[PDB]
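Novice: Contents of structure13.cif (mmCIF, C-alpha atoms and all ligand atoms):
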data_target
#
loop_
_atom_site.label_atom_id
_atom_site.label_comp_id
_atom_site.auth_asym_id
_atom_site.auth_seq_id
_atom_site.Cartn_x
_atom_site.Cartn_y
_atom_site.Cartn_z
CA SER K 1 -9.68 19.62 -11.72
CA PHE K 2 -8.59 17.21 -9.00
CA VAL K 3 -11.89 17.58 -7.14
CA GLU K 4 -13.39 15.03 -9.56
CA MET K 5 -10.97 12.44 -8.17
CA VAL K 6 -11.57 13.08 -4.48
CA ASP K 7 -13.21 10.07 -2.81
CA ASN K 8 -12.76 7.86 -5.88
CA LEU K 9 -11.53 4.93 -3.77
CA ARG K 10 -13.55 2.38 -1.80
CA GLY K 11 -12.70 -0.82 0.01
CA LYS K 12 -13.16 -3.17 2.94
CA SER K 13 -10.73 -3.30 5.85
CA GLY K 14 -8.02 -5.85 5.16
CA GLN K 15 -9.13 -6.13 1.55
CA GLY K 16 -7.46 -3.19 -0.14
CA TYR K 17 -8.60 -0.01 -1.86
CA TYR K 18 -10.06 -0.10 -5.36
CA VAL K 19 -10.85 2.44 -8.06
CA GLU K 20 -13.44 2.09 -10.82
CA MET K 21 -12.14 1.65 -14.37
CA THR K 22 -13.49 0.67 -17.78
CA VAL K 23 -11.75 -1.50 -20.35
CA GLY K 24 -12.70 -2.20 -23.96
CA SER K 25 -15.22 -0.86 -26.46
CA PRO K 26 -17.95 -0.67 -25.55
CA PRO K 27 -16.52 0.05 -22.06
CA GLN K 28 -16.75 -2.72 -19.47
CA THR K 29 -16.79 -1.52 -15.86
CA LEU K 30 -14.57 -3.20 -13.27
CA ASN K 31 -13.32 -2.33 -9.78
CA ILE K 32 -9.52 -2.46 -9.67
CA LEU K 33 -7.25 -2.76 -6.62
CA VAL K 34 -4.73 0.10 -6.38
CA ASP K 35 -1.32 -1.50 -5.81
CA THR K 36 1.91 0.51 -5.57
CA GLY K 37 3.65 -2.80 -4.74
CA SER K 38 3.52 -4.25 -8.28
CA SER K 39 3.56 -3.17 -11.91
CA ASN K 40 1.11 -5.36 -13.82
CA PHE K 41 -2.40 -4.31 -14.80
CA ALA K 42 -4.45 -7.52 -14.67
CA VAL K 43 -8.16 -8.31 -14.62
CA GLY K 44 -10.30 -11.39 -14.18
CA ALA K 45 -11.11 -12.54 -17.72
CA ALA K 46 -12.76 -15.86 -16.94
CA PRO K 47 -15.39 -17.12 -14.46
CA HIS K 48 -14.37 -17.53 -10.81
CA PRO K 49 -16.37 -18.26 -7.63
CA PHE K 50 -15.40 -14.89 -6.16
CA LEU K 51 -16.00 -12.83 -9.30
CA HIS K 52 -19.38 -11.25 -10.07
CA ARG K 53 -18.11 -9.86 -13.35
CA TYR K 54 -15.02 -10.04 -15.54
CA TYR K 55 -13.37 -8.76 -18.70
CA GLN K 56 -14.88 -10.28 -21.86
CA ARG K 57 -12.33 -9.75 -24.62
CA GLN K 58 -14.63 -11.11 -27.33
CA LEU K 59 -17.07 -8.27 -26.61
CA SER K 60 -14.46 -5.57 -27.18
CA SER K 61 -13.78 -4.30 -30.69
CA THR K 62 -10.55 -2.60 -29.58
CA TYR K 63 -9.03 -5.66 -27.90
CA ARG K 64 -5.70 -6.81 -29.35
CA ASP K 65 -4.16 -10.17 -28.44
CA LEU K 66 -0.40 -10.03 -27.87
CA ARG K 67 -0.21 -13.80 -28.20
CA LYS K 68 1.99 -14.12 -25.11
CA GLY K 69 1.40 -15.68 -21.70
CA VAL K 70 2.12 -14.20 -18.27
CA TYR K 71 2.02 -15.06 -14.59
CA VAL K 72 2.66 -13.11 -11.40
CA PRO K 73 3.56 -14.70 -8.04
CA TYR K 74 2.88 -12.29 -5.18
CA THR K 75 3.96 -13.00 -1.60
CA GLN K 76 0.42 -14.26 -1.12
CA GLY K 77 -1.57 -15.14 -4.23
CA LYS K 78 -0.72 -15.65 -7.89
CA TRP K 79 -2.49 -15.63 -11.25
CA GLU K 80 -1.69 -16.51 -14.83
CA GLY K 81 -3.29 -15.38 -18.06
CA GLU K 82 -2.87 -13.94 -21.55
CA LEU K 83 -1.34 -10.61 -22.57
CA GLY K 84 -3.17 -8.14 -24.78
CA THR K 85 -3.96 -4.44 -25.12
CA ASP K 86 -7.20 -2.47 -25.02
CA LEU K 87 -8.62 0.99 -24.32
CA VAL K 88 -8.82 1.91 -20.65
CA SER K 89 -10.49 4.78 -18.79
CA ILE K 90 -10.90 5.91 -15.19
CA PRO K 91 -14.40 7.44 -14.82
CA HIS K 92 -13.52 9.33 -11.64
CA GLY K 93 -10.02 10.13 -12.83
CA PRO K 94 -8.51 12.26 -15.60
CA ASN K 95 -10.77 12.62 -18.66
CA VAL K 96 -8.58 10.55 -20.98
CA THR K 97 -8.53 7.15 -22.65
CA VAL K 98 -5.33 5.18 -23.17
CA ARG K 99 -4.32 1.92 -24.82
CA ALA K 100 -2.66 -0.11 -22.10
CA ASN K 101 -1.26 -3.57 -21.58
CA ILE K 102 -3.76 -5.85 -19.86
CA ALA K 103 -3.17 -9.31 -18.44
CA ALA K 104 -6.37 -11.29 -18.88
CA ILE K 105 -6.48 -13.62 -15.88
CA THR K 106 -7.56 -17.14 -16.85
CA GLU K 107 -6.39 -19.02 -13.74
CA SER K 108 -5.56 -17.88 -10.22
CA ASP K 109 -4.74 -19.20 -6.77
CA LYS K 110 -5.64 -17.17 -3.68
CA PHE K 111 -5.54 -13.96 -5.70
CA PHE K 112 -9.22 -12.97 -5.68
CA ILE K 113 -10.77 -12.34 -2.28
CA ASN K 114 -14.32 -13.41 -1.47
CA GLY K 115 -16.48 -10.29 -1.18
CA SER K 116 -13.70 -7.75 -1.79
CA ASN K 117 -15.68 -6.16 -4.63
CA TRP K 118 -12.66 -5.84 -6.91
CA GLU K 119 -12.00 -7.89 -10.03
CA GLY K 120 -8.49 -6.83 -11.02
CA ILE K 121 -5.28 -5.13 -9.90
CA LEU K 122 -3.53 -1.94 -11.01
CA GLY K 123 0.20 -2.19 -10.40
CA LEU K 124 1.52 1.35 -10.15
CA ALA K 125 5.21 0.63 -9.64
CA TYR K 126 7.91 0.61 -12.30
CA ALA K 127 8.56 -1.54 -15.38
CA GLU K 128 11.61 -3.12 -13.78
CA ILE K 129 9.38 -5.48 -11.78
CA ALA K 130 6.70 -6.07 -14.42
CA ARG K 131 6.13 -9.63 -15.65
CA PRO K 132 7.06 -11.30 -17.93
CA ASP K 133 9.81 -8.67 -18.02
CA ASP K 134 10.45 -4.93 -18.01
CA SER K 135 9.44 -4.57 -21.65
CA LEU K 136 5.77 -4.79 -20.65
CA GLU K 137 4.94 -1.11 -20.16
CA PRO K 138 2.99 -0.50 -16.91
CA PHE K 139 -0.34 1.35 -17.02
CA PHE K 140 0.86 4.63 -15.51
CA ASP K 141 3.77 4.83 -17.95
CA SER K 142 1.30 4.42 -20.83
CA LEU K 143 -0.96 7.06 -19.29
CA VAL K 144 1.90 9.56 -19.05
CA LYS K 145 3.26 8.79 -22.51
CA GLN K 146 -0.08 9.02 -24.32
CA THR K 147 -1.60 12.02 -22.50
CA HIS K 148 -0.59 15.31 -20.88
CA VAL K 149 -1.13 13.91 -17.37
CA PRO K 150 1.82 14.89 -15.14
CA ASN K 151 4.07 12.05 -13.98
CA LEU K 152 2.85 11.73 -10.41
CA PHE K 153 -0.08 10.52 -8.34
CA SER K 154 -1.05 10.76 -4.70
CA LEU K 155 -2.95 8.40 -2.43
CA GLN K 156 -5.14 9.27 0.52
CA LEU K 157 -6.21 5.98 2.09
CA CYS K 158 -8.70 6.42 4.92
CA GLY K 159 -9.54 4.09 7.79
CA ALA K 160 -13.01 3.44 9.23
CA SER K 161 -16.39 0.32 4.95
CA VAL K 162 -13.40 2.48 3.92
CA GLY K 163 -12.78 5.17 1.32
CA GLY K 164 -10.00 7.30 -0.08
CA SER K 165 -8.68 9.28 -3.02
CA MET K 166 -6.24 8.57 -5.79
CA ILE K 167 -5.35 11.89 -7.36
CA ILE K 168 -3.90 11.14 -10.78
CA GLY K 169 -1.48 13.74 -12.10
CA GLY K 170 -1.12 15.93 -9.03
CA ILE K 171 -1.58 16.92 -5.42
CA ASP K 172 -4.92 18.10 -4.03
CA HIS K 173 -4.11 20.48 -1.19
CA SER K 174 -7.49 20.04 0.45
CA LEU K 175 -6.57 16.44 1.32
CA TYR K 176 -3.84 17.10 3.87
CA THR K 177 -2.76 19.49 6.62
CA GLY K 178 0.69 20.78 7.54
CA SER K 179 3.78 20.35 5.38
CA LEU K 180 4.67 17.62 2.90
CA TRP K 181 7.96 15.87 3.74
CA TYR K 182 9.83 14.05 0.96
CA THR K 183 12.05 10.98 0.96
CA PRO K 184 14.05 9.90 -2.10
CA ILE K 185 12.95 6.94 -4.17
CA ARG K 186 16.18 4.94 -3.87
CA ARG K 187 15.68 2.98 -7.08
CA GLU K 188 12.83 2.87 -9.58
CA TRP K 189 11.51 -0.66 -9.35
CA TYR K 190 9.39 -0.92 -6.24
CA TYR K 191 8.80 2.44 -4.58
CA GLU K 192 11.91 1.78 -2.52
CA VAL K 193 12.85 4.11 0.33
CA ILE K 194 15.36 4.16 3.18
CA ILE K 195 14.40 4.00 6.85
CA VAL K 196 17.14 5.56 8.97
CA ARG K 197 15.82 5.23 12.55
CA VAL K 198 12.98 3.58 14.47
CA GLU K 199 11.52 4.61 17.82
CA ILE K 200 8.77 3.10 19.93
CA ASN K 201 7.17 5.42 22.47
CA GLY K 202 10.19 7.65 21.94
CA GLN K 203 12.76 4.94 22.61
CA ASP K 204 15.27 4.17 19.86
CA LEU K 205 15.36 0.49 18.86
CA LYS K 206 19.15 0.85 18.59
CA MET K 207 19.69 -1.50 15.63
CA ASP K 208 22.12 -1.10 12.75
CA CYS K 209 19.85 0.89 10.44
CA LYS K 210 20.69 -1.53 7.61
CA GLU K 211 18.50 -4.04 9.46
CA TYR K 212 15.53 -1.74 8.83
CA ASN K 213 16.04 -2.00 5.08
CA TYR K 214 17.11 -5.64 4.74
CA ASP K 215 16.81 -6.42 2.00
CA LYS K 216 14.69 -3.41 1.01
CA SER K 217 11.94 -1.10 2.24
CA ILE K 218 9.00 -0.32 -0.01
CA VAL K 219 5.71 1.62 0.06
CA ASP K 220 3.02 -0.88 -0.88
CA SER K 221 -0.68 0.07 -0.94
CA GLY K 222 -1.58 -3.48 -1.96
CA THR K 223 -0.38 -4.88 1.36
CA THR K 224 -2.50 -4.55 4.51
CA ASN K 225 0.10 -4.76 7.27
CA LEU K 226 3.29 -3.07 8.27
CA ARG K 227 5.76 -5.88 7.58
CA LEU K 228 9.20 -5.87 9.18
CA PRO K 229 12.36 -7.95 8.65
CA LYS K 230 12.61 -10.79 11.17
CA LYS K 231 15.16 -9.17 13.49
CA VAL K 232 13.32 -5.85 13.44
CA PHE K 233 9.94 -7.54 13.92
CA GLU K 234 11.21 -9.38 17.00
CA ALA K 235 12.64 -6.25 18.60
CA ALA K 236 9.47 -4.28 17.83
CA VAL K 237 7.16 -6.95 19.23
CA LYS K 238 9.29 -7.23 22.37
CA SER K 239 9.02 -3.49 22.91
CA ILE K 240 5.29 -3.40 22.19
CA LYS K 241 4.69 -6.37 24.51
CA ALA K 242 6.60 -4.66 27.32
CA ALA K 243 4.65 -1.43 26.88
CA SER K 244 1.28 -3.20 26.98
CA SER K 245 2.26 -5.81 29.59
CA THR K 246 -0.49 -4.43 31.84
CA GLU K 247 -2.66 -6.87 29.88
CA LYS K 248 -1.63 -10.25 28.51
CA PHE K 249 -2.49 -11.61 25.07
CA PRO K 250 -2.15 -15.06 23.46
CA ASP K 251 0.91 -15.64 21.26
CA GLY K 252 -1.52 -16.15 18.40
CA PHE K 253 -2.37 -12.47 18.67
CA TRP K 254 1.22 -11.31 18.21
CA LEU K 255 1.42 -13.63 15.20
CA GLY K 256 -1.54 -11.89 13.61
CA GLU K 257 -3.69 -15.00 13.84
CA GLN K 258 -5.98 -14.44 16.81
CA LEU K 259 -8.00 -11.27 17.24
CA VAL K 260 -8.42 -9.63 20.64
CA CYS K 261 -11.63 -7.94 21.80
CA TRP K 262 -12.69 -5.47 24.49
CA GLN K 263 -16.11 -4.19 25.53
CA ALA K 264 -17.27 -1.65 22.96
CA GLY K 265 -15.61 1.67 23.79
CA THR K 266 -13.17 0.33 26.37
CA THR K 267 -10.23 -0.40 24.06
CA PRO K 268 -7.10 0.47 26.12
CA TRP K 269 -5.38 2.53 23.43
CA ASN K 270 -2.88 4.12 25.83
CA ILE K 271 -1.15 0.86 26.75
CA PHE K 272 -0.04 0.50 23.12
CA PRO K 273 2.99 2.59 22.03
CA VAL K 274 3.37 4.94 19.08
CA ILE K 275 5.86 3.87 16.42
CA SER K 276 8.05 6.44 14.65
CA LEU K 277 9.71 5.60 11.35
CA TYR K 278 12.40 8.07 10.29
CA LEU K 279 12.88 8.36 6.54
CA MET K 280 15.87 9.77 4.64
CA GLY K 281 15.22 13.40 3.69
CA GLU K 282 16.04 15.68 0.74
CA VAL K 283 19.13 17.48 2.06
CA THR K 284 22.45 16.29 3.54
CA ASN K 285 22.21 14.61 6.96
CA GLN K 286 18.49 15.44 7.15
CA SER K 287 15.55 13.15 7.81
CA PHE K 288 11.96 13.33 9.04
CA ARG K 289 9.63 10.96 10.91
CA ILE K 290 6.13 9.63 10.51
CA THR K 291 4.43 8.49 13.68
CA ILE K 292 1.93 5.65 13.69
CA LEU K 293 -0.77 5.19 16.36
CA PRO K 294 -2.13 1.86 17.67
CA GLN K 295 -5.40 2.77 15.94
CA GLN K 296 -3.45 2.07 12.74
CA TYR K 297 -1.60 -1.13 13.56
CA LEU K 298 -4.50 -2.67 15.48
CA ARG K 299 -6.83 -3.40 12.57
CA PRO K 300 -10.60 -3.53 13.28
CA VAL K 301 -12.27 -6.81 12.32
CA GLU K 302 -15.85 -8.14 12.38
CA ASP K 303 -17.13 -9.62 15.65
CA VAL K 304 -16.67 -13.39 15.80
CA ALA K 305 -19.50 -13.82 18.31
CA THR K 306 -23.00 -12.32 18.26
CA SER K 307 -21.85 -9.63 20.69
CA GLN K 308 -21.11 -5.92 20.22
CA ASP K 309 -17.42 -5.94 21.15
CA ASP K 310 -14.56 -4.07 19.54
CA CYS K 311 -12.17 -6.69 18.16
CA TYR K 312 -8.78 -6.20 16.50
CA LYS K 313 -5.93 -8.02 14.78
CA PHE K 314 -2.27 -7.11 15.22
CA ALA K 315 -1.43 -5.68 11.79
CA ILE K 316 2.34 -5.83 12.11
CA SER K 317 3.91 -9.03 10.79
CA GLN K 318 7.25 -10.63 10.02
CA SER K 319 8.78 -10.40 6.55
CA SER K 320 11.56 -12.23 4.73
CA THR K 321 11.58 -9.78 1.82
CA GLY K 322 12.24 -6.48 3.57
CA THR K 323 10.12 -3.79 5.21
CA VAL K 324 6.69 -3.28 3.67
CA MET K 325 4.91 -0.04 4.52
CA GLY K 326 1.41 -1.24 3.72
CA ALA K 327 -2.03 0.29 4.04
CA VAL K 328 -1.93 0.61 7.82
CA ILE K 329 1.10 2.87 7.55
CA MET K 330 -0.34 4.84 4.62
CA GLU K 331 -3.76 5.30 6.25
CA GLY K 332 -4.24 8.77 7.72
CA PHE K 333 -1.33 10.02 5.63
CA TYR K 334 -1.45 11.74 2.29
CA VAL K 335 1.24 10.01 0.25
CA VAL K 336 2.58 11.64 -2.89
CA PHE K 337 4.28 9.39 -5.43
CA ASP K 338 6.30 12.05 -7.22
CA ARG K 339 7.79 9.96 -10.03
CA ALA K 340 8.88 13.09 -11.90
CA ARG K 341 11.22 14.05 -9.08
CA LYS K 342 11.97 10.52 -7.86
CA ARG K 343 10.61 11.16 -4.37
CA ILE K 344 7.73 10.20 -2.10
CA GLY K 345 5.99 12.79 0.07
CA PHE K 346 4.18 12.29 3.38
CA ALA K 347 1.76 14.67 5.09
CA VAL K 348 -0.90 14.27 7.78
CA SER K 349 -4.11 13.28 6.00
CA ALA K 350 -7.40 15.17 6.23
CA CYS K 351 -8.81 11.80 7.32
CA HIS K 352 -6.12 11.47 9.97
CA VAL K 353 -6.60 8.87 12.70
CA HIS K 354 -7.92 10.04 16.07
CA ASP K 355 -6.65 9.49 19.60
CA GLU K 356 -7.69 11.43 22.71
CA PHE K 357 -4.22 12.45 23.82
CA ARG K 358 -1.99 11.49 20.88
CA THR K 359 -1.86 12.22 17.16
CA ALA K 360 -0.32 10.72 14.05
CA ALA K 361 2.29 13.12 12.71
CA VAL K 362 4.87 13.90 10.06
CA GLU K 363 7.64 15.91 11.68
CA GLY K 364 10.98 17.41 10.72
CA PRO K 365 13.65 18.36 10.12
CA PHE K 366 15.84 15.88 11.98
CA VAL K 367 19.59 15.48 11.68
CA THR K 368 20.82 11.96 10.98
CA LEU K 369 24.45 11.27 10.07
CA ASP K 370 25.55 8.59 7.60
CA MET K 371 22.07 7.87 6.21
CA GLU K 372 23.66 6.33 3.12
CA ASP K 373 24.92 3.47 5.28
CA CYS K 374 21.34 2.48 6.06
CA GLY K 375 20.76 1.19 2.55
CA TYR K 376 21.34 -2.52 2.10
CA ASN K 377 23.62 -3.63 -0.73
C1 LIG C 1 -5.08 -11.75 2.03
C2 LIG C 1 -4.05 -10.58 2.16
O1 LIG C 1 -4.09 -9.82 0.93
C3 LIG C 1 -4.91 -8.63 0.97
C4 LIG C 1 -4.60 -7.79 -0.31
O2 LIG C 1 -4.96 -8.53 -1.50
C5 LIG C 1 -3.99 -8.89 -2.43
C6 LIG C 1 -2.95 -8.00 -2.79
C7 LIG C 1 -1.97 -8.38 -3.73
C8 LIG C 1 -0.85 -7.39 -4.06
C9 LIG C 1 0.51 -7.76 -3.36
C10 LIG C 1 0.33 -8.02 -1.82
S1 LIG C 1 1.77 -8.85 -1.16
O3 LIG C 1 1.64 -9.00 0.27
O4 LIG C 1 2.03 -10.05 -1.95
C11 LIG C 1 3.03 -7.61 -1.49
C12 LIG C 1 3.02 -7.20 -3.00
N1 LIG C 1 4.14 -6.27 -3.33
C13 LIG C 1 5.56 -6.68 -3.17
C14 LIG C 1 5.84 -7.96 -3.98
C15 LIG C 1 6.15 -9.19 -3.34
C16 LIG C 1 6.40 -10.34 -4.15
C17 LIG C 1 6.34 -10.24 -5.56
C18 LIG C 1 6.04 -9.02 -6.23
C19 LIG C 1 5.97 -8.89 -7.79
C20 LIG C 1 4.50 -8.63 -8.26
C21 LIG C 1 6.85 -7.68 -8.25
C22 LIG C 1 6.47 -10.13 -8.59
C23 LIG C 1 5.79 -7.89 -5.39
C24 LIG C 1 1.65 -6.72 -3.57
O5 LIG C 1 1.86 -6.49 -4.98
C25 LIG C 1 -2.03 -9.66 -4.32
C26 LIG C 1 -3.07 -10.55 -3.97
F1 LIG C 1 -3.11 -11.76 -4.53
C27 LIG C 1 -4.05 -10.18 -3.02
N2 LIG C 1 -5.05 -11.03 -2.68
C28 LIG C 1 -5.43 -6.48 -0.36
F2 LIG C 1 -6.74 -6.77 -0.47
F3 LIG C 1 -5.07 -5.78 -1.45
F4 LIG C 1 -5.20 -5.69 0.73
#
Kindly return the structure encoded in the file as structure tokens.
Specialist:
Amino acid sequence: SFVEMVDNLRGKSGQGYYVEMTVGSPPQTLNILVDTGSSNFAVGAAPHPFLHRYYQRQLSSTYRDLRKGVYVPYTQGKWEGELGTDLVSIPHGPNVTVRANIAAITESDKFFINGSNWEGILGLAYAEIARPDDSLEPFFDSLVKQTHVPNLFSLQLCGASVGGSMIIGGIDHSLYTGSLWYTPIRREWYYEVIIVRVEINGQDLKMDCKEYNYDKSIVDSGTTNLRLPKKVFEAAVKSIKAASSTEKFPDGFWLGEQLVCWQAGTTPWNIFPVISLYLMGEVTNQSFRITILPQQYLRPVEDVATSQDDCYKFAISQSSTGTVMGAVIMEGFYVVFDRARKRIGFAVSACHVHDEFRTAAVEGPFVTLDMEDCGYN
């Protein structure tokens, strides 16, 4: 019955992927950002310049106030509001209704995005990182406890304005090609994984693999960019600069500030390298790699002039909180969040990204010794 959930995601580039949901009785429809990088379900519940609608608790007969406050500080953006519960459904999801915790957002700061077309956020990670604390049961845990829905979901996020699928409760085999490759979830708080090797155009970065996971590596659909720890970011940018040194770009470009443009259809894709991230596998001394194309980490943005150029921003940026495999890594891959078996699967997506002479890939098996030493303690 997964076909009903195919193409249930929409979004704008750089502004996330959202799914339609209803809260309350009678049901109020809202678009909700799908975020595997957090664990709170929260919706606008008061007027805001960027909101065209919001949750009106007084209009819902099933709303229950929990008489407790809450706030969540993200890397960028934060909101505060009031905790309560209400009935929640996903129209293009499983045919069930659950009573879930809901943070009613009363104040926010750089949380809502102008024109994003979503009014709330669905944190799909584990209770350990829920606010105020891990006693606030996350939505997916409620879903699994109250229904027969299997304890897993999969995300197919597609690039070019964008669409995708969140398959709740399973894997839809029409959404990917080739084999699924699984990496262990290291610990159930974020979807934390372990990167064991990095190559750029087939050249090993040659860092202590702990640097790749300092202080963690997570899979985060709520984040746009691939974000890399400072030392790894620097090495990666140096390598990518060298490979593309045929052309020169302003430093603002490499900092993700300035966009670069070329005449429509003349984008020099080949001067930008492929990036391979090797992830810890399921058996001893075994790993696999996912390979990212420049079409993924050069994010398409709207033309700043009145011309018909192709313009892009560099969608790899520096992090001080570990590696973040955001939407530009997930795009073109089918990613299975197999909570039941504490593992995350990757396969080439049916909406895989195109290049004339190169292709995004998930490949294995590889042998990698001492993968345990790659985890940061
Ligand atoms: C403008 C760029 O955003 C586009 C971005 O919009 C947002 C997305 C998020 C979710 C965040 C994005 S992040 O970059 O802050 C990383 C984080 N996950 C790791 C993390 C870091 C710090 C703290 C926590 C908690 C929640 C566990 C405490 C979790 C995610 O959840 C919060 C926001 F406000 C905005 N607007 C989107 F549109 F979704 F692409």
Novice: Given the choices K:88, K:19, K:113, K:305, which gets closest to ligand LIG 1 (chain C) if the distance is worked out from all atoms listed in the file?
Specialist: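 Ranking K:88, K:19, K:113, K:305 by distance to ligand LIG 1 (chain C), first place goes to K:113.
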Novice: Produce a table with one row for each residue of chain K that has an atom at most 8 Å from any atom of ligand LIG 1 (chain C), each row naming the nearest atom pair and its distance in Å at one decimal; use all atoms listed in the file; arrange rows by chain and rising residue number; format as JSON lines.
Specialist:
{"residue": "K:13", "atom": "CA", "partner": "C:LIG1", "partner_atom": "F4", "distance": 7.9}
{"residue": "K:14", "atom": "CA", "partner": "C:LIG1", "partner_atom": "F4", "distance": 5.3}
{"residue": "K:15", "atom": "CA", "partner": "C:LIG1", "partner_atom": "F2", "distance": 3.2}
{"residue": "K:16", "atom": "CA", "partner": "C:LIG1", "partner_atom": "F4", "distance": 3.5}
{"residue": "K:17", "atom": "CA", "partner": "C:LIG1", "partner_atom": "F3", "distance": 6.8}
{"residue": "K:33", "atom": "CA", "partner": "C:LIG1", "partner_atom": "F3", "distance": 6.4}
{"residue": "K:34", "atom": "CA", "partner": "C:LIG1", "partner_atom": "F3", "distance": 7.7}
{"residue": "K:35", "atom": "CA", "partner": "C:LIG1", "partner_atom": "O5", "distance": 6.0}
{"residue": "K:36", "atom": "CA", "partner": "C:LIG1", "partner_atom": "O5", "distance": 7.0}
{"residue": "K:37", "atom": "CA", "partner": "C:LIG1", "partner_atom": "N1", "distance": 3.8}
{"residue": "K:38", "atom": "CA", "partner": "C:LIG1", "partner_atom": "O5", "distance": 4.3}
{"residue": "K:39", "atom": "CA", "partner": "C:LIG1", "partner_atom": "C20", "distance": 6.6}
{"residue": "K:40", "atom": "CA", "partner": "C:LIG1", "partner_atom": "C20", "distance": 7.3}
{"residue": "K:72", "atom": "CA", "partner": "C:LIG1", "partner_atom": "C22", "distance": 5.6}
{"residue": "K:73", "atom": "CA", "partner": "C:LIG1", "partner_atom": "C22", "distance": 5.4}
{"residue": "K:74", "atom": "CA", "partner": "C:LIG1", "partner_atom": "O4", "distance": 4.0}
{"residue": "K:75", "atom": "CA", "partner": "C:LIG1", "partner_atom": "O4", "distance": 3.5}
{"residue": "K:76", "atom": "CA", "partner": "C:LIG1", "partner_atom": "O4", "distance": 4.6}
{"residue": "K:77", "atom": "CA", "partner": "C:LIG1", "partner_atom": "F1", "distance": 3.7}
{"residue": "K:78", "atom": "CA", "partner": "C:LIG1", "partner_atom": "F1", "distance": 5.7}
{"residue": "K:79", "atom": "CA", "partner": "C:LIG1", "partner_atom": "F1", "distance": 7.8}
{"residue": "K:109", "atom": "CA", "partner": "C:LIG1", "partner_atom": "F1", "distance": 7.9}
{"residue": "K:110", "atom": "CA", "partner": "C:LIG1", "partner_atom": "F1", "distance": 6.0}
{"residue": "K:111", "atom": "CA", "partner": "C:LIG1", "partner_atom": "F1", "distance": 3.5}
{"residue": "K:112", "atom": "CA", "partner": "C:LIG1", "partner_atom": "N2", "distance": 5.5}
{"residue": "K:113", "atom": "CA", "partner": "C:LIG1", "partner_atom": "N2", "distance": 5.9}
{"residue": "K:116", "atom": "CA", "partner": "C:LIG1", "partner_atom": "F2", "distance": 7.2}
{"residue": "K:121", "atom": "CA", "partner": "C:LIG1", "partner_atom": "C8", "distance": 7.7}
{"residue": "K:123", "atom": "CA", "partner": "C:LIG1", "partner_atom": "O5", "distance": 7.1}
{"residue": "K:129", "atom": "CA", "partner": "C:LIG1", "partner_atom": "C21", "distance": 4.9}
{"residue": "K:130", "atom": "CA", "partner": "C:LIG1", "partner_atom": "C21", "distance": 6.4}
{"residue": "K:131", "atom": "CA", "partner": "C:LIG1", "partner_atom": "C22", "distance": 7.1}
{"residue": "K:190", "atom": "CA", "partner": "C:LIG1", "partner_atom": "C21", "distance": 7.5}
{"residue": "K:218", "atom": "CA", "partner": "C:LIG1", "partner_atom": "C13", "distance": 7.9}
{"residue": "K:220", "atom": "CA", "partner": "C:LIG1", "partner_atom": "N1", "distance": 6.0}
{"residue": "K:221", "atom": "CA", "partner": "C:LIG1", "partner_atom": "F3", "distance": 7.3}
{"residue": "K:222", "atom": "CA", "partner": "C:LIG1", "partner_atom": "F3", "distance": 4.2}
{"residue": "K:223", "atom": "CA", "partner": "C:LIG1", "partner_atom": "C10", "distance": 4.5}
{"residue": "K:224", "atom": "CA", "partner": "C:LIG1", "partner_atom": "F4", "distance": 4.8}
{"residue": "K:321", "atom": "CA", "partner": "C:LIG1", "partner_atom": "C15", "distance": 7.5}
{"residue": "K:324", "atom": "CA", "partner": "C:LIG1", "partner_atom": "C11", "distance": 7.7}
{"residue": "K:327", "atom": "CA", "partner": "C:LIG1", "partner_atom": "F4", "distance": 7.5}
Novice: Could you pull the residues within 8 Å of stretch 293-296 of chain K, counting only C-alpha atoms, minus those fewer than 2 positions along the same chain, as a list in words?
Specialist: residues 269, 272, 273, 274, 275, 291, 298, 299, 328, 329, 331, 353, 354, 355, 358, 359 and 360 of chain K
Novice: Compare K:212, K:63, K:191, K:50 by their minimum atom-to-atom distance to residue K:322, counting all atoms listed in the file, and give me the closest one.
Specialist: K:212
Novice: Rounded to one decimal in Å, what is the spacing between atom CA of residue K:278 and atom CA of residue K:198?
Specialist: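 Going from atom CA of residue K:278 over to atom CA of residue K:198 covers 6.2 Å.
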Novice: When distances are computed from only C-alpha atoms, which of K:47, K:281, K:159, K:24 shows the smallest separation from residue K:194?
Specialist: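 The shortest atom-to-atom distance to residue K:194 comes from K:281.
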Novice: Using atom CA of residue K:309 and atom CA of residue K:270 as the two end points, give the distance in Å to one decimal.
Specialist: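 One can read the atom CA of residue K:309 to atom CA of residue K:270 distance as 18.3 Å.
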Novice: Smallest atom-to-atom distance to residue K:150: which of K:126, K:28, K:169, K:4, using all atoms listed in the file?
Specialist: K:169
Novice: Which residues are close to residue K:2, i.e. within 12 Å by all atoms listed in the file, leaving aside same-chain residues fewer than 2 positions away? Reply as number ranges by chain.
Specialist: K: 4-8, 92-95, 149, 153-154, 165-175
Novice: Please determine the residues with any atom at most 12 Å from (18.2, 13.7, 14.8) (coordinates as given in the file, with all atoms listed in the file counting) and report them as a list in words.
Specialist: residues 196, 197, 198, 199, 204, 278, 279, 280, 281, 285, 286, 287, 288, 289, 363, 364, 365, 366, 367, 368, 369, 370 and 371 of chain K
Novice: Please provide the set of residues having any atom within 9 Å of residue K:101, restricted to only C-alpha atoms, with same-chain residues fewer than 4 positions apart removed, written as an NGL selection string.
Specialist: :K and (40-42 or 83-86 or 136-139 or 142)
